[PDB]
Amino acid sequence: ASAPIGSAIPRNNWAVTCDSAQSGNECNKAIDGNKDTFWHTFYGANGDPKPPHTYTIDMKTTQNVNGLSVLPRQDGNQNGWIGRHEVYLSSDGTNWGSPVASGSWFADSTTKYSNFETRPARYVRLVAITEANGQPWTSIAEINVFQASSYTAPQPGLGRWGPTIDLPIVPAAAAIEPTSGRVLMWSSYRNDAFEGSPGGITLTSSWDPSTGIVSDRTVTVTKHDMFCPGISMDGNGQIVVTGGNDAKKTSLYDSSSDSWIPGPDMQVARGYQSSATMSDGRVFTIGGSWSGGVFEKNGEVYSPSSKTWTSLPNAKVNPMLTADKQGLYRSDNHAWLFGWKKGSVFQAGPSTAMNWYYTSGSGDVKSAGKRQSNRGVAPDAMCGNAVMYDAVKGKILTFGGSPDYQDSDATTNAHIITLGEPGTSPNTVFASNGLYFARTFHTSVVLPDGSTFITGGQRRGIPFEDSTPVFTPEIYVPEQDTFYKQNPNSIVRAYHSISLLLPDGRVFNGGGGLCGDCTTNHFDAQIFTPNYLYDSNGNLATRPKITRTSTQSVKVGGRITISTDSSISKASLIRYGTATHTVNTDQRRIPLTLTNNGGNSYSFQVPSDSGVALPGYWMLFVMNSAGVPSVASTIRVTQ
């Protein structure tokens, strides 16, 4: 099922109002503690008024509210389930502001939840915008509101969490659809479970940042349960999703048509492998013993043009194996892969040993030295993160993780790896003094300004358990070689969580759980709004606008000219992201060297090396002197 982040507020002195209520199904039947009694909107002789329907609670005194729950009817009647919905909070009961949570609940009779950042409130309003299957009515057997033990105002300057997006699935895998700006998410054959899958089915959900709409789809056309996969956006602008619950399958998500297309089977059956897009737009993958068997799974490569997978048996997985106590099942998982120059793939970890993978002929692998610093050799860091925040300079920030996949203490270890040419051993140093909080199963994104946002995880890796959670995110700022704590959130984001950078410059962070009838499923996501979007008073800052681009599709080495509505100081390209199981091999950042044409006209060149400027979709951000980024302009980079 799921759970609230708080404890239930006693209701015996509550006053409640509903937009309509049938006799015998009064508004207060939803708070009488009786699972068999329910509130129901008008029907029959009273007519059948359609949604939106509304439930409003006066709790009389201020509570530190951090969620609510809805228990549906328990008599088998399915016609009043709440679909699309919004949650509002108020101190006076007249002014409600923006929803603290909104989204869509799955169509079944299970208890639904809305979890969100703690906010003092006396009044709580639930708006049922649709019934789950489009019927006129709304009903609730029991509604509860939850409180945190305390409330602390966010500190000025450290960003902001909210709102919550409520979802019909646990989003354990996600990607940005670059042509539409929507967030694509998926779970498995079920909304919150992967166990005992017959295969051939993936449940997906999407969220549109522009409209707030949550939608969902059942994908069977690719005959692929895409839980636990490799994910890469290839040079043809299609997301290549590999293996997992159906360990040999390849599915292709096409953003332009918003559809899924069958791909060729991989040569080797895999799950929990990483895949990485290459300089030529192809996709490399290696490892992945979670599914398809436990044995040495060497490299293979996908060609989007020929629609083939070809084995690269001499791209050996052995040199990148961790020393996981559980053995090969875990040790070849979630490699920190980055496409690089001349068809190569850099493997930065999680193993202590770093390696170069090559894709010519039948493949090759060469040692790149050990991840290390003057503090010593870095231990295996399974489910640590790796982020290429300056591709032009070859800079990769690595952090967190634990020596074993589970039942292992995470660390604060963090490094800067500086890539040169394939086959050379990169310089590695420690990043600052490491993380503030040791964490594994955390997630991260590079931001327009080159800083890396790091969020969630737990101190000791225990899949499906929300213990030792880390609620305070951190940002690494490369120019200062310093980490900074940001404002904390209140929802655990550990195993099976994701983060992605949105085109509007905010961070989408969600998921966690996906373990069936476990209590740790998180059917939601939250927005983190970084400090660079706020002015000194804590209000949203005015953002520079890109008013014209000379072109939206460019070959590597090509130039783009832009106009802005105000002077800008910096610009960057950020490749669109994909995410699952801590892995995001698609994001990376290119800082741009600007030519000032005068009159707020600027030009820049896309790097000529497609191992740096990986083909695919990128976000163009410009920043003003105050450090405020524009929203992204979408650029396609080709080779």
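Numbering starts at 1 and runs along the sequence shown.
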* To do: Going by the average Cα B-factor in the PDB entry, point out whether 143-151 or 472-480 comes out higher.
  => 143-151
* **Higher-B stretch (mean Cα B-factor, as the entry records it), 190-198 or 336-344** => 190-198
* Please pick out which of 452, 427, 311, 90 has the largest Cα B-factor as recorded in the entry. => 90
* Asked: In this PDB entry, which of 502, 221, 228, 381 has the top CA B-factor?
  -> 221
* Using the B-factors in the PDB entry, rank residue 298's C-alpha atom against the chain and give the third, lowest, middle or highest. => lowest
* How does residue 576 rank on Cα B-factor within its chain, lowest, middle or highest third? -> lowest
* Among all modelled residues of this chain, ranked by Cα B factor, put residue 395 in the bottom, middle or top third, i.e. lowest, middle or highest. => lowest
* Asked: What third of the chain, by the recorded C-alpha B-factor, contains residue 529?
  -> middle
* Would you check the entry's CA temperature factor for residue 587 and let me know if it's in the chain's lowest, middle or highest third? => lowest
